[PDB]
Amino acid sequence: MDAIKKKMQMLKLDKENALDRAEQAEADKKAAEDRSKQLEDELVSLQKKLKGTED
Amino acid sequence: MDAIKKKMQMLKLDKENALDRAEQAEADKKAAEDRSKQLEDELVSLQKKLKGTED
Amino acid sequence: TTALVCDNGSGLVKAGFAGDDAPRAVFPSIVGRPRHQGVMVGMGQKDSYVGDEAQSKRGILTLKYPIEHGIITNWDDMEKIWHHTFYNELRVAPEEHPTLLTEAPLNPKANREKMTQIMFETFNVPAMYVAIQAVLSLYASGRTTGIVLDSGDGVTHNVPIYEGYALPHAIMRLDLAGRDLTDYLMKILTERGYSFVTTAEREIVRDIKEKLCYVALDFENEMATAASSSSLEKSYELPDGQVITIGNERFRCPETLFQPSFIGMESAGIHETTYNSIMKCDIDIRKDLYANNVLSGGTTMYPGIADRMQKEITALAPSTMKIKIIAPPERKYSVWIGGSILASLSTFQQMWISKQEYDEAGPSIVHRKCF
Amino acid sequence: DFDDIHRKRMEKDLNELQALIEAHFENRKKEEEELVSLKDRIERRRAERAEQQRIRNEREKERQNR
Ligand SMILES: Nc1ncnc2c1ncn2[C@@H]1O[C@H](COP(=O)(O)OP(=O)(O)O)[C@@H](O)[C@H]1O
Ligand SMILES: [Mg+2]
């Protein structure tokens, strides 16, 4: 009819916005966790270098 | 009718799924970010003690 | 006073006062002289019916569009259309209102100069300004970056913009548009027996195209499905009865957009000229253009085009970039809404081409600083 | 920029839906029930006209039959 189509369009705009936000948040999590794990690896290498210096 | 109900329910389900997924991702992002901050703070002190050891 | 935001277009003239949401009067731009003899005396028969009046008497007229591909080929008819638009559809004399026409990119200069000369001499407006049809469609989306594909009815052009700085070397204008799709649909309907020839029946084929055709997500699978089942055959009732059944002509008519080899055009589809237009841009603004691809114009209203185009570009583009296609529901009037917004701005109020300036430099003022 | 999208979108996102629902409800209420009731009324009047026509036709055929 008439109002039904507009209501469907609203329900679809919510769909697109929610899905896009979810995808963007997932990409953010991937990037942040990669950052953290690379920092942890750098910390490990520093520990090993400290061990060599102690030797 | 029949089509309106199923389509509307499926679209609302899609919106809710995307929202909850985004919230989970953002929570993990915040936790990883704070842990990364902890890693930075500990790494600086590790570098300082390494520098003293080298001196 | 208020400004008149006219938008000539090619196929539908959209006009209205600046500051509203939708154009006040939208009507086809056709001028049709009668072709038969006429025997009733005193019937009050005019010599040319323009606008929406000639879509009701089209049975005994020979409709002819005054704008072929963006450019204007018949200046007297265009003047008649403008006169009708001002006096009968809006009923505001042009002596007291600025006007904001719109023009496709890469159009001949003489067209624009003649347009401004007409507006200043015949209608005698206070001040008029000509704007590129894609920047307005970018205004209406509320963005400030993005590459807009404005597939009108006359000409499809693809203007990339970043941070408000247009890139003049990356505009890809292609002359396939809604009219060629109408002609191709009228040409493939003959494969079932329905022959439309008269210039009046082109309107019927246009209505068929608007109401039935859709863009297929995957072309070969649809061609295979329509050739086995019969779940696609949708029927339509002509203006006199004798319903017709459209089979796989439904998604073959608008497929011409993505494969212009169907109508013999050499160039690549609208899915690949956008990627080429992006790749001509600098290497650092390609991500933003990828993420803010904007659709506009009437012909981009086919059901299922915002998914086919996204699939195609995602196939072409690098796998890391995110491809997003902005397809607002108010696509058809996007250019005019943007025009209203631009005319309503205070910062823009001193960019009009004032009449005294035209009197001092002639019609060639439009190419000068007042663009 | 991009701050008028809220003030031009969110408005009609709810007001338009509610207003169109109101329009549909009032139009259906005004139209369907009244039309069915009026058609039933006209049908009853039509049946009465049919009875009157039958009576008049029969009496005239009775008299005129010679
Ligand atoms: N709902 C629709 N579905 C498919 N095609 C459409 C639809 N509406 C308009 N069109 C096509 O778009 C054309 C109108 O385009 P428009 O944007 O008015 O051109 P212009 O840029 O000259 O104003 C029509 O000729 C028609 O072929
Ligand atoms: Mg246009």
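For all residues, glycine too, the Cβ spot is worked out from N, Cα and C.
Swiss-Prot annotations:
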{"type": "COMPBIAS", "residues": "A:12-38", "note": "compositional bias 'Basic and acidic residues'"}
{"type": "MOD_RES", "residues": "A:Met1", "note": "N-acetylmethionine"}
{"type": "MOD_RES", "residues": "A:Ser45", "note": "phosphoserine"}
{"type": "REGION", "residues": "A:1-38", "note": "region 'Disordered'"}
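Remark: A:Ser45 (phosphoserine) has no non-local neighbours by Cβ distance under 8 Å and separation of at least 6 in sequence. For the residue listed as 'N-acetylmethionine', no same-chain residue that is 6 or more apart in sequence has a Cβ closer than 8 Å to its Cβ.
Helix, strand and coil counts under DSSP for the region 'Disordered' (A:1-38) come to 36 helix, 0 strand, 2 coil.
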